[PDB]
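Enquirer: Below is coords-v8.cif; it holds mmCIF, C-alpha atoms and all ligand atoms.
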```cif
data_my_file
loop_
_atom_site.group_PDB
_atom_site.id
_atom_site.type_symbol
_atom_site.label_atom_id
_atom_site.label_comp_id
_atom_site.auth_asym_id
_atom_site.auth_seq_id
_atom_site.Cartn_x
_atom_site.Cartn_y
_atom_site.Cartn_z
ATOM 1 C CA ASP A 77 0.000 0.000 0.000
ATOM 2 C CA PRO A 78 1.496 3.377 -1.080
ATOM 3 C CA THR A 79 2.977 5.607 1.613
ATOM 4 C CA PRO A 80 0.194 7.924 2.902
ATOM 5 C CA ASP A 81 0.666 11.670 2.468
ATOM 6 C CA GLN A 82 0.532 14.057 5.443
ATOM 7 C CA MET A 83 0.828 17.783 6.227
ATOM 8 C CA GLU A 84 4.072 19.640 5.463
ATOM 9 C CA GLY A 85 3.657 21.457 8.761
ATOM 10 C CA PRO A 86 4.875 25.030 9.440
ATOM 11 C CA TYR A 87 8.595 24.473 9.045
ATOM 12 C CA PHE A 88 9.686 23.321 5.527
ATOM 13 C CA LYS A 89 12.476 25.158 3.702
ATOM 14 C CA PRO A 90 13.084 24.812 -0.026
ATOM 15 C CA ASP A 91 16.532 24.294 -1.565
ATOM 16 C CA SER A 92 18.062 22.110 1.129
ATOM 17 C CA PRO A 93 21.728 21.127 0.644
ATOM 18 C CA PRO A 94 22.373 17.615 -0.702
ATOM 19 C CA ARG A 95 23.474 15.587 2.281
ATOM 20 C CA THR A 96 22.945 12.118 3.621
ATOM 21 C CA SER A 97 24.196 13.215 7.033
ATOM 22 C CA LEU A 98 22.288 15.865 8.923
ATOM 23 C CA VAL A 99 24.707 15.955 11.794
ATOM 24 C CA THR A 100 28.376 16.057 12.599
ATOM 25 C CA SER A 101 30.553 14.540 15.300
ATOM 26 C CA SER A 102 29.785 17.485 17.546
ATOM 27 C CA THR A 103 26.008 17.612 17.162
ATOM 28 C CA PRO A 104 24.135 17.241 20.423
ATOM 29 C CA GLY A 105 21.579 14.432 20.623
ATOM 30 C CA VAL A 106 20.913 10.704 20.655
ATOM 31 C CA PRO A 107 22.427 9.194 17.454
ATOM 32 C CA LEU A 108 19.890 8.020 14.829
ATOM 33 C CA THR A 109 20.234 6.464 11.379
ATOM 34 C CA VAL A 110 17.141 6.042 9.194
ATOM 35 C CA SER A 111 17.656 3.741 6.195
ATOM 36 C CA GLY A 112 15.485 1.670 3.893
ATOM 37 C CA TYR A 113 14.244 1.371 0.346
ATOM 38 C CA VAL A 114 11.855 3.091 -1.943
ATOM 39 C CA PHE A 115 9.790 0.606 -3.897
ATOM 40 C CA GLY A 116 7.488 1.372 -6.786
ATOM 41 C CA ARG A 117 4.711 -0.751 -8.267
ATOM 42 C CA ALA A 118 5.324 -4.507 -8.132
ATOM 43 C CA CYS A 119 8.242 -4.468 -5.652
ATOM 44 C CA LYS A 120 10.612 -2.685 -7.991
ATOM 45 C CA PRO A 121 13.274 -0.941 -5.939
ATOM 46 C CA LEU A 122 13.405 2.603 -7.302
ATOM 47 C CA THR A 123 16.537 4.476 -8.268
ATOM 48 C CA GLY A 124 17.224 8.250 -8.334
ATOM 49 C CA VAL A 125 14.200 9.073 -6.140
ATOM 50 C CA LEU A 126 14.494 12.391 -4.304
ATOM 51 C CA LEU A 127 14.236 12.248 -0.542
ATOM 52 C CA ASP A 128 14.250 15.558 1.250
ATOM 53 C CA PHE A 129 14.251 15.285 5.053
ATOM 54 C CA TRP A 130 13.746 17.798 7.819
ATOM 55 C CA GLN A 131 13.177 17.654 11.555
ATOM 56 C CA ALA A 132 13.512 19.442 14.871
ATOM 57 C CA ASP A 133 16.814 19.434 16.756
ATOM 58 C CA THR A 134 17.362 17.408 19.955
ATOM 59 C CA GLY A 135 15.513 20.130 21.875
ATOM 60 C CA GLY A 136 12.465 20.151 19.650
ATOM 61 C CA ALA A 137 13.427 23.149 17.571
ATOM 62 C CA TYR A 138 13.282 23.712 13.807
ATOM 63 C CA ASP A 139 15.991 25.882 12.188
ATOM 64 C CA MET A 140 14.304 28.603 10.134
ATOM 65 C CA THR A 141 17.394 30.756 9.583
ATOM 66 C CA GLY A 142 19.735 28.107 8.238
ATOM 67 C CA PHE A 143 19.577 24.571 6.961
ATOM 68 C CA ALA A 144 20.420 22.672 10.110
ATOM 69 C CA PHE A 145 18.691 19.302 10.195
ATOM 70 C CA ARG A 146 17.698 19.789 6.557
ATOM 71 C CA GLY A 147 19.226 17.714 3.747
ATOM 72 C CA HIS A 148 18.224 15.649 0.720
ATOM 73 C CA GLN A 149 19.597 12.616 -1.048
ATOM 74 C CA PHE A 150 18.762 10.311 -3.929
ATOM 75 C CA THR A 151 18.233 6.555 -3.489
ATOM 76 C CA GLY A 152 21.038 4.398 -4.849
ATOM 77 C CA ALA A 153 20.951 2.014 -7.778
ATOM 78 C CA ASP A 154 19.601 -0.746 -5.512
ATOM 79 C CA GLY A 155 16.835 1.523 -4.185
ATOM 80 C CA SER A 156 18.337 2.111 -0.775
ATOM 81 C CA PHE A 157 18.501 5.356 1.147
ATOM 82 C CA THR A 158 20.436 6.368 4.245
ATOM 83 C CA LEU A 159 19.984 9.227 6.621
ATOM 84 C CA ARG A 160 22.292 9.940 9.576
ATOM 85 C CA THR A 161 20.762 12.201 12.177
ATOM 86 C CA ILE A 162 19.877 12.495 15.843
ATOM 87 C CA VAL A 163 16.499 11.776 17.480
ATOM 88 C CA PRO A 164 14.288 14.903 17.252
ATOM 89 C CA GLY A 165 12.725 16.424 20.354
ATOM 90 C CA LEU A 166 9.059 16.946 21.036
ATOM 91 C CA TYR A 167 7.815 20.112 19.375
ATOM 92 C CA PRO A 168 4.783 21.442 21.332
ATOM 93 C CA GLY A 169 1.539 19.731 20.284
ATOM 94 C CA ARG A 170 3.112 17.098 18.021
ATOM 95 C CA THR A 171 4.353 13.551 18.669
ATOM 96 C CA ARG A 172 7.958 12.775 17.709
ATOM 97 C CA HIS A 173 8.266 12.850 13.939
ATOM 98 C CA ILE A 174 10.626 13.432 10.992
ATOM 99 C CA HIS A 175 9.374 15.085 7.793
ATOM 100 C CA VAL A 176 10.178 13.910 4.313
ATOM 101 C CA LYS A 177 9.315 14.768 0.758
ATOM 102 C CA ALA A 178 9.781 11.946 -1.711
ATOM 103 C CA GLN A 179 9.721 12.469 -5.432
ATOM 104 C CA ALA A 180 10.191 9.777 -8.043
ATOM 105 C CA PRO A 181 11.788 10.978 -11.277
ATOM 106 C CA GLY A 182 9.186 13.114 -13.105
ATOM 107 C CA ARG A 183 6.283 12.396 -10.772
ATOM 108 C CA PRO A 184 4.642 14.689 -8.258
ATOM 109 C CA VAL A 185 5.958 15.266 -4.714
ATOM 110 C CA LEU A 186 4.886 13.070 -1.812
ATOM 111 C CA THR A 187 5.003 15.026 1.437
ATOM 112 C CA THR A 188 4.750 12.899 4.556
ATOM 113 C CA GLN A 189 6.048 12.200 8.055
ATOM 114 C CA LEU A 190 7.768 9.332 9.913
ATOM 115 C CA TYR A 191 6.867 8.441 13.502
ATOM 116 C CA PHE A 192 8.652 6.530 16.315
ATOM 117 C CA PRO A 193 7.370 3.445 18.228
ATOM 118 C CA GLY A 194 6.186 3.784 21.844
ATOM 119 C CA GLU A 195 6.019 7.570 22.019
ATOM 120 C CA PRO A 196 3.239 8.461 24.532
ATOM 121 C CA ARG A 197 2.013 11.319 22.284
ATOM 122 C CA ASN A 198 1.096 8.713 19.683
ATOM 123 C CA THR A 199 -2.152 8.285 21.615
ATOM 124 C CA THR A 200 -2.981 11.991 21.280
ATOM 125 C CA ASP A 201 -1.455 13.307 18.020
ATOM 126 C CA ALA A 202 -4.030 13.118 15.261
ATOM 127 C CA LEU A 203 -1.386 12.991 12.520
ATOM 128 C CA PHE A 204 0.073 9.769 13.931
ATOM 129 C CA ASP A 205 -0.505 6.889 11.526
ATOM 130 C CA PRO A 206 0.767 3.298 11.917
ATOM 131 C CA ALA A 207 1.627 3.158 8.181
ATOM 132 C CA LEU A 208 4.255 5.819 8.894
ATOM 133 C CA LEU A 209 5.921 4.081 11.872
ATOM 134 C CA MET A 210 9.618 3.388 11.564
ATOM 135 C CA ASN A 211 11.086 0.240 13.008
ATOM 136 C CA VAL A 212 13.577 1.285 15.727
ATOM 137 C CA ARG A 213 16.123 -0.877 17.563
ATOM 138 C CA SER A 214 18.945 0.218 19.863
ATOM 139 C CA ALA A 215 22.182 -0.189 17.872
ATOM 140 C CA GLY A 216 25.239 0.883 19.878
ATOM 141 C CA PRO A 217 25.472 4.431 21.305
ATOM 142 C CA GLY A 218 22.265 5.451 19.541
ATOM 143 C CA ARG A 219 19.275 4.138 17.588
ATOM 144 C CA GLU A 220 18.631 2.533 14.175
ATOM 145 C CA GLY A 221 15.425 3.114 12.232
ATOM 146 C CA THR A 222 14.082 1.478 9.063
ATOM 147 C CA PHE A 223 11.246 2.376 6.743
ATOM 148 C CA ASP A 224 10.316 1.449 3.169
ATOM 149 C CA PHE A 225 8.487 4.029 1.050
ATOM 150 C CA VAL A 226 6.058 2.603 -1.473
ATOM 151 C CA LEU A 227 5.339 4.856 -4.435
ATOM 152 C CA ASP A 228 2.523 4.345 -6.901
ATOM 153 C CA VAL A 229 4.898 4.373 -9.826
ATOM 154 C CA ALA A 230 6.339 1.903 -12.379
HETATM 155 CL CL CL A 301 3.313 3.302 19.111
HETATM 156 FE FE FE A 302 7.423 18.781 12.416
#
```
When written as structure tokens, how does the structure in this file appear?
Expert:
Amino acid sequence: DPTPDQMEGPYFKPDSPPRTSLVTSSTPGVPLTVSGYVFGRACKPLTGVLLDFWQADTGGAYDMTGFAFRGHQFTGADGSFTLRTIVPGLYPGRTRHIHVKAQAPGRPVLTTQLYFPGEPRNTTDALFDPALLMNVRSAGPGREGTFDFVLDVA
């Protein structure tokens, strides 16, 4: 079933730098890598799909002046994507989430959000959707997330 679309929210910024790492070795926060595939119709892993991510910092704050915690990549030849970041903090009124825009070559933009398992605000945030839940395990110093996007596209 194709990845549901959700609100952009207040804090998107166009023209994000191309980067698969949103942090450095001095960024505050609990380490988090989100990786997975983008599939199209009929389980075809999709190549060259744009993935533009953005999230709050460890304290729950979005960077409107710069491009902190903003960065986009393109899925590899085998369909995989990889995002190195830290766990975002709770912005007031929202459950923990990371935003993403996904765009297959020449198709319209999918704007959506990824959620974390076992967040208490999942009971109360109306935007929370199980289809958008990442799988998260505790690898090493920080946490590893996985999610597959499914795009209605051949
Ligand atoms: Cl949950
Ligand atoms: Fe947000």
Enquirer: Please indicate the distance in Å from CA of residue 220 (chain A) to CA of residue 141 (chain A), rounded to one decimal place.
Expert: 28.6 Å
Enquirer: As a check of understanding, name the residues that the PyMOL selection byres (((chain A and resi 188-194) around 6) and not hetatm) selects in the supplied structure, as a PyMOL selection string.
Expert: chain A and resi 81-82+173-176+187+195+208-210
Enquirer: Can you list, as number ranges by chain, the residues that the PyMOL selection byres (((chain A and resi 126-131) around 8) and not hetatm) selects here?
Expert: A: 88, 92, 124-125, 132-133, 138, 145-151, 164, 173-181
Enquirer: Expanded to explicit residues, what is the PyMOL selection byres (((chain A and resi 224-228) around 8) and not hetatm) for this file, as a list in words?
Expert: residues 77, 78, 79, 112, 113, 114, 115, 116, 117, 180, 222, 223, 229 and 230 of chain A
Enquirer: Using all atoms listed in the file for the distances, tell me which of A:120, A:197, A:160, A:172 is nearest to residue 221 (chain A).
Expert: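 Answer, going by the shortest atom-to-atom distance: A:160.
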Enquirer: Name all residues at most 8 Å from residue 163 (chain A) (count only C-alpha atoms; drop same-chain ones fewer than 2 positions away) and give them as a VMD selection string.
Expert: chain A and resid 105 to 108 133 to 134 161 165
Enquirer: Nearest to ligand FE 302 (chain A) among A:80, A:93, A:169, A:104, with distances taken over all atoms listed in the file: which residue is it?
Expert: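 Closest to ligand FE 302 (chain A) of all the choices is A:169.
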Enquirer: Please determine, counting only C-alpha atoms and all ligand atoms, which residue among A:201, A:196, A:109, A:155 has the shortest atom-to-atom distance to ligand CL 301 (chain A).
Expert: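 Smallest distance to ligand CL 301 (chain A) is found for A:196.
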Enquirer: CA of residue 203 (chain A) to CA of residue 144 (chain A): how many Å, to one decimal?
Expert: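 Straight-line distance from CA of residue 203 (chain A) to CA of residue 144 (chain A) works out to 24.0 Å.
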Enquirer: Find the spatial neighbours of residue 97 (chain A), counting only C-alpha atoms, within a cut-off of 6 Å - ignore same-chain residues fewer than 2 positions away - and output them as a list in words.
Expert: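 The contact residues come out as residues 95, 99, 159 and 160 of chain A.
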Enquirer: CA of residue 123 (chain A) and CA of residue 212 (chain A) are how many Å apart?
Expert: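 For CA of residue 123 (chain A) relative to CA of residue 212 (chain A), the distance reads 24.4 Å.
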Enquirer: Which of these, A:111, A:158, A:100, A:171, has the shortest distance to ligand FE 302 (chain A) once you count all atoms listed in the file?
Expert: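 Using all atoms listed in the file, ligand FE 302 (chain A) sits closest to A:171.
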Enquirer: Closest to ligand CL 301 (chain A) among A:184, A:85, A:206, A:216, using all atoms listed in the file?
Expert: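 Ranking A:184, A:85, A:206, A:216 by distance to ligand CL 301 (chain A), first place goes to A:206.
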Enquirer: With only C-alpha atoms and all ligand atoms as the basis for distance, which of A:219, A:94, A:167, A:213 is at the shortest distance from ligand FE 302 (chain A)?
Expert: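 Ranked by minimum distance to ligand FE 302 (chain A), first place goes to A:167.
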Enquirer: I need region 109-146 of chain A from the structure I supplied, saved as a PDB file, in the first residue's frame with N, CA, C and O atoms retained.
Expert:
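Final output, saved to part_3.pdb:
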```
ATOM      1  N   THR A 109      20.186   6.692  12.822  1.00  0.00           N
ATOM      2  CA  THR A 109      20.234   6.464  11.379  1.00  0.00           C
ATOM      3  C   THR A 109      18.905   5.917  10.862  1.00  0.00           C
ATOM      4  O   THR A 109      18.408   4.908  11.379  1.00  0.00           O
ATOM      5  N   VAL A 110      18.341   6.560   9.839  1.00  0.00           N
ATOM      6  CA  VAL A 110      17.141   6.042   9.194  1.00  0.00           C
ATOM      7  C   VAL A 110      17.556   5.560   7.806  1.00  0.00           C
ATOM      8  O   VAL A 110      18.119   6.306   7.034  1.00  0.00           O
ATOM      9  N   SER A 111      17.298   4.296   7.500  1.00  0.00           N
ATOM     10  CA  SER A 111      17.656   3.741   6.195  1.00  0.00           C
ATOM     11  C   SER A 111      16.527   2.857   5.722  1.00  0.00           C
ATOM     12  O   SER A 111      15.698   2.431   6.527  1.00  0.00           O
ATOM     13  N   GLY A 112      16.489   2.571   4.429  1.00  0.00           N
ATOM     14  CA  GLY A 112      15.485   1.670   3.893  1.00  0.00           C
ATOM     15  C   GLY A 112      15.487   1.680   2.380  1.00  0.00           C
ATOM     16  O   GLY A 112      16.486   2.002   1.738  1.00  0.00           O
ATOM     17  N   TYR A 113      14.364   1.303   1.795  1.00  0.00           N
ATOM     18  CA  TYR A 113      14.244   1.371   0.346  1.00  0.00           C
ATOM     19  C   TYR A 113      13.050   2.210  -0.050  1.00  0.00           C
ATOM     20  O   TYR A 113      12.151   2.485   0.768  1.00  0.00           O
ATOM     21  N   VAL A 114      13.043   2.576  -1.321  1.00  0.00           N
ATOM     22  CA  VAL A 114      11.855   3.091  -1.943  1.00  0.00           C
ATOM     23  C   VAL A 114      11.473   2.086  -2.993  1.00  0.00           C
ATOM     24  O   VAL A 114      12.275   1.782  -3.867  1.00  0.00           O
ATOM     25  N   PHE A 115      10.268   1.537  -2.893  1.00  0.00           N
ATOM     26  CA  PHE A 115       9.790   0.606  -3.897  1.00  0.00           C
ATOM     27  C   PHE A 115       8.749   1.316  -4.710  1.00  0.00           C
ATOM     28  O   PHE A 115       8.133   2.264  -4.237  1.00  0.00           O
ATOM     29  N   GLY A 116       8.556   0.865  -5.946  1.00  0.00           N
ATOM     30  CA  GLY A 116       7.488   1.372  -6.786  1.00  0.00           C
ATOM     31  C   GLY A 116       6.410   0.311  -6.878  1.00  0.00           C
ATOM     32  O   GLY A 116       6.268  -0.502  -5.961  1.00  0.00           O
ATOM     33  N   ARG A 117       5.671   0.303  -7.988  1.00  0.00           N
ATOM     34  CA  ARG A 117       4.711  -0.751  -8.267  1.00  0.00           C
ATOM     35  C   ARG A 117       5.435  -2.067  -8.432  1.00  0.00           C
ATOM     36  O   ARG A 117       6.541  -2.098  -8.976  1.00  0.00           O
ATOM     37  N   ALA A 118       4.829  -3.139  -7.924  1.00  0.00           N
ATOM     38  CA  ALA A 118       5.324  -4.507  -8.132  1.00  0.00           C
ATOM     39  C   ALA A 118       6.716  -4.762  -7.557  1.00  0.00           C
ATOM     40  O   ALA A 118       7.517  -5.458  -8.170  1.00  0.00           O
ATOM     41  N   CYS A 119       6.989  -4.219  -6.378  1.00  0.00           N
ATOM     42  CA  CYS A 119       8.242  -4.468  -5.652  1.00  0.00           C
ATOM     43  C   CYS A 119       9.520  -4.076  -6.356  1.00  0.00           C
ATOM     44  O   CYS A 119      10.593  -4.556  -5.990  1.00  0.00           O
ATOM     45  N   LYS A 120       9.415  -3.185  -7.334  1.00  0.00           N
ATOM     46  CA  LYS A 120      10.612  -2.685  -7.991  1.00  0.00           C
ATOM     47  C   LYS A 120      11.324  -1.667  -7.111  1.00  0.00           C
ATOM     48  O   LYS A 120      10.784  -0.600  -6.837  1.00  0.00           O
ATOM     49  N   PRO A 121      12.540  -1.993  -6.650  1.00  0.00           N
ATOM     50  CA  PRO A 121      13.274  -0.941  -5.939  1.00  0.00           C
ATOM     51  C   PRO A 121      13.605   0.208  -6.899  1.00  0.00           C
ATOM     52  O   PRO A 121      14.062  -0.015  -8.022  1.00  0.00           O
ATOM     53  N   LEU A 122      13.341   1.427  -6.449  1.00  0.00           N
ATOM     54  CA  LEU A 122      13.405   2.603  -7.302  1.00  0.00           C
ATOM     55  C   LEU A 122      14.704   3.348  -7.117  1.00  0.00           C
ATOM     56  O   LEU A 122      15.202   3.489  -6.004  1.00  0.00           O
ATOM     57  N   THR A 123      15.271   3.773  -8.237  1.00  0.00           N
ATOM     58  CA  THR A 123      16.537   4.476  -8.268  1.00  0.00           C
ATOM     59  C   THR A 123      16.333   5.972  -8.568  1.00  0.00           C
ATOM     60  O   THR A 123      15.336   6.354  -9.199  1.00  0.00           O
ATOM     61  N   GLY A 124      17.242   6.816  -8.064  1.00  0.00           N
ATOM     62  CA  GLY A 124      17.224   8.250  -8.334  1.00  0.00           C
ATOM     63  C   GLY A 124      15.999   8.988  -7.808  1.00  0.00           C
ATOM     64  O   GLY A 124      15.634  10.047  -8.346  1.00  0.00           O
ATOM     65  N   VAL A 125      15.352   8.427  -6.780  1.00  0.00           N
ATOM     66  CA  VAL A 125      14.200   9.073  -6.140  1.00  0.00           C
ATOM     67  C   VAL A 125      14.648  10.118  -5.110  1.00  0.00           C
ATOM     68  O   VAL A 125      15.405   9.814  -4.190  1.00  0.00           O
ATOM     69  N   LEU A 126      14.127  11.334  -5.229  1.00  0.00           N
ATOM     70  CA  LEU A 126      14.494  12.391  -4.304  1.00  0.00           C
ATOM     71  C   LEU A 126      13.845  12.218  -2.947  1.00  0.00           C
ATOM     72  O   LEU A 126      12.651  11.941  -2.834  1.00  0.00           O
ATOM     73  N   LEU A 127      14.674  12.334  -1.922  1.00  0.00           N
ATOM     74  CA  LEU A 127      14.236  12.248  -0.542  1.00  0.00           C
ATOM     75  C   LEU A 127      14.772  13.448   0.213  1.00  0.00           C
ATOM     76  O   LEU A 127      15.979  13.591   0.427  1.00  0.00           O
ATOM     77  N   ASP A 128      13.861  14.322   0.603  1.00  0.00           N
ATOM     78  CA  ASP A 128      14.250  15.558   1.250  1.00  0.00           C
ATOM     79  C   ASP A 128      13.722  15.506   2.692  1.00  0.00           C
ATOM     80  O   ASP A 128      12.506  15.462   2.915  1.00  0.00           O
ATOM     81  N   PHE A 129      14.632  15.484   3.660  1.00  0.00           N
ATOM     82  CA  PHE A 129      14.251  15.285   5.053  1.00  0.00           C
ATOM     83  C   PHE A 129      14.391  16.559   5.819  1.00  0.00           C
ATOM     84  O   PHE A 129      15.202  17.424   5.455  1.00  0.00           O
ATOM     85  N   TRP A 130      13.612  16.673   6.890  1.00  0.00           N
ATOM     86  CA  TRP A 130      13.746  17.798   7.819  1.00  0.00           C
ATOM     87  C   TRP A 130      13.028  17.517   9.129  1.00  0.00           C
ATOM     88  O   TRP A 130      11.937  16.934   9.144  1.00  0.00           O
ATOM     89  N   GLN A 131      13.621  17.995  10.218  1.00  0.00           N
ATOM     90  CA  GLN A 131      13.177  17.654  11.555  1.00  0.00           C
ATOM     91  C   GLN A 131      13.626  18.695  12.544  1.00  0.00           C
ATOM     92  O   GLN A 131      14.435  19.543  12.231  1.00  0.00           O
ATOM     93  N   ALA A 132      13.116  18.591  13.760  1.00  0.00           N
ATOM     94  CA  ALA A 132      13.512  19.442  14.871  1.00  0.00           C
ATOM     95  C   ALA A 132      14.859  18.978  15.394  1.00  0.00           C
ATOM     96  O   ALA A 132      15.283  17.857  15.106  1.00  0.00           O
ATOM     97  N   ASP A 133      15.558  19.842  16.123  1.00  0.00           N
ATOM     98  CA  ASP A 133      16.814  19.434  16.756  1.00  0.00           C
ATOM     99  C   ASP A 133      16.503  18.640  18.020  1.00  0.00           C
ATOM    100  O   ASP A 133      15.321  18.398  18.318  1.00  0.00           O
ATOM    101  N   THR A 134      17.540  18.275  18.780  1.00  0.00           N
ATOM    102  CA  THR A 134      17.362  17.408  19.955  1.00  0.00           C
ATOM    103  C   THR A 134      16.437  18.044  20.996  1.00  0.00           C
ATOM    104  O   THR A 134      15.848  17.353  21.818  1.00  0.00           O
ATOM    105  N   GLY A 135      16.319  19.364  20.938  1.00  0.00           N
ATOM    106  CA  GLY A 135      15.513  20.130  21.875  1.00  0.00           C
ATOM    107  C   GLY A 135      14.108  20.430  21.382  1.00  0.00           C
ATOM    108  O   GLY A 135      13.312  21.042  22.081  1.00  0.00           O
ATOM    109  N   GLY A 136      13.827  20.087  20.137  1.00  0.00           N
ATOM    110  CA  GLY A 136      12.465  20.151  19.650  1.00  0.00           C
ATOM    111  C   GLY A 136      12.278  21.355  18.774  1.00  0.00           C
ATOM    112  O   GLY A 136      11.154  21.801  18.555  1.00  0.00           O
ATOM    113  N   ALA A 137      13.396  21.865  18.270  1.00  0.00           N
ATOM    114  CA  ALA A 137      13.427  23.149  17.571  1.00  0.00           C
ATOM    115  C   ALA A 137      13.808  23.037  16.094  1.00  0.00           C
ATOM    116  O   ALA A 137      14.788  22.372  15.730  1.00  0.00           O
ATOM    117  N   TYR A 138      13.004  23.664  15.244  1.00  0.00           N
ATOM    118  CA  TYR A 138      13.282  23.712  13.807  1.00  0.00           C
ATOM    119  C   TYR A 138      14.120  24.957  13.457  1.00  0.00           C
ATOM    120  O   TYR A 138      13.933  26.033  14.029  1.00  0.00           O
ATOM    121  N   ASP A 139      15.062  24.801  12.533  1.00  0.00           N
ATOM    122  CA  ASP A 139      15.991  25.882  12.188  1.00  0.00           C
ATOM    123  C   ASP A 139      15.478  26.666  10.993  1.00  0.00           C
ATOM    124  O   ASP A 139      15.658  26.235   9.847  1.00  0.00           O
ATOM    125  N   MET A 140      14.847  27.813  11.244  1.00  0.00           N
ATOM    126  CA  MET A 140      14.304  28.603  10.134  1.00  0.00           C
ATOM    127  C   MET A 140      15.292  29.543   9.476  1.00  0.00           C
ATOM    128  O   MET A 140      15.053  29.991   8.367  1.00  0.00           O
ATOM    129  N   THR A 141      16.421  29.806  10.126  1.00  0.00           N
ATOM    130  CA  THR A 141      17.394  30.756   9.583  1.00  0.00           C
ATOM    131  C   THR A 141      18.426  30.083   8.688  1.00  0.00           C
ATOM    132  O   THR A 141      18.903  30.674   7.723  1.00  0.00           O
ATOM    133  N   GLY A 142      18.783  28.854   9.030  1.00  0.00           N
ATOM    134  CA  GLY A 142      19.735  28.107   8.238  1.00  0.00           C
ATOM    135  C   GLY A 142      19.173  26.841   7.640  1.00  0.00           C
ATOM    136  O   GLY A 142      17.989  26.756   7.312  1.00  0.00           O
ATOM    137  N   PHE A 143      20.026  25.836   7.504  1.00  0.00           N
ATOM    138  CA  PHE A 143      19.577  24.571   6.961  1.00  0.00           C
ATOM    139  C   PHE A 143      19.952  23.411   7.852  1.00  0.00           C
ATOM    140  O   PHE A 143      19.991  22.266   7.408  1.00  0.00           O
ATOM    141  N   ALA A 144      20.201  23.711   9.118  1.00  0.00           N
ATOM    142  CA  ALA A 144      20.420  22.672  10.110  1.00  0.00           C
ATOM    143  C   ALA A 144      19.277  21.665  10.091  1.00  0.00           C
ATOM    144  O   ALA A 144      18.104  22.043   9.988  1.00  0.00           O
ATOM    145  N   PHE A 145      19.643  20.389  10.154  1.00  0.00           N
ATOM    146  CA  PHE A 145      18.691  19.302  10.195  1.00  0.00           C
ATOM    147  C   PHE A 145      17.773  19.271   8.979  1.00  0.00           C
ATOM    148  O   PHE A 145      16.641  18.760   9.048  1.00  0.00           O
ATOM    149  N   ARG A 146      18.306  19.816   7.882  1.00  0.00           N
ATOM    150  CA  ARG A 146      17.698  19.789   6.557  1.00  0.00           C
ATOM    151  C   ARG A 146      18.735  19.241   5.582  1.00  0.00           C
ATOM    152  O   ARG A 146      19.897  19.647   5.625  1.00  0.00           O
TER     153      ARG A 146
END
```
